[PDB]
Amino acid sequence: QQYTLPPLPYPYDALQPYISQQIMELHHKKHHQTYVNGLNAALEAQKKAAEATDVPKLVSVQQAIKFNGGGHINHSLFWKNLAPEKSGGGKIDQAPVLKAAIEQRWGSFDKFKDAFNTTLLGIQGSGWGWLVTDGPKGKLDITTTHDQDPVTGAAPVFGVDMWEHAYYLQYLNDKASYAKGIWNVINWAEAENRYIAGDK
């Protein structure tokens, strides 16, 4: 099946004033769309190389699958772990199980957020900040992935895109304000489901 761009589960302006409509449109229709197109071409290229038994080609195309495939995976998860304040955005208590696990690990929900913010701001270059679990209702950990590498060896609970294109038009260089503002639109209900499922 040819991969396609998953529609957003809300209007492009539903996350304002935390994430502008302009960013949402470009981020989804341009960047994410590009990763989808790139993934399709890459797999097609890998397919031909495999059929031709061209090892050099198969290995070279590997980076493309990883970059575009990881981009597709990451953004698909990103769109879903966000929501407007009217649809549960920022409603941490709509995730009782995950919230209880978070407080046990970091002491409190707010302490967890400061640690997460710190991690996002510590990412050098393009990357993502993630809250992950080692299984259904498992132990929680904060991790980061570079460029468009996806979370592996664990199940993603929620992610925050730290590529500059995810916030520059609005927050400019002030990524600290983007990080602190995105908390208002985190779809915790979706995070609750991912944590309980603990599906890597």
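A residue's number is simply how far along the shown sequence it sits, counting from 1.
Participant: For the C-alpha atoms alone, is the average B factor greater in 85-93 or in 72-80, going by the entry?
Facilitator: Higher mean C-alpha B-factor: 85-93.
Participant: Quick one: higher average CA temperature factor, 161-169 or 49-57?
Facilitator: On average, C-alpha B-factors are higher across 49-57.
Participant: Test of reading the entry: by CA B factor among the chain's modelled residues, which third contains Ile65?
Facilitator: Middle third.
Participant: Could you say whether, by C-alpha temperature factor, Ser108 belongs to the lowest, middle or highest third of its chain?
Facilitator: For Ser108, the deposited C-alpha B-factor lands in the middle third.
Participant: If you rank every modelled residue in this chain by C-alpha B factor, which third holds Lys137: lowest, middle or highest?
Facilitator: Answer is highest: the recorded C-alpha B-factor places it there.
Participant: Check where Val36 lands among this chain's C-alpha B-factors and tell me if it's the lowest, middle or highest third.
Facilitator: For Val36, the deposited C-alpha B-factor lands in the middle third.
Participant: Using the B-factors in the PDB entry, rank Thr152's C-alpha atom against the chain and give the third, lowest, middle or highest.
Facilitator: Highest third, going by the recorded CA B-factors of the chain.
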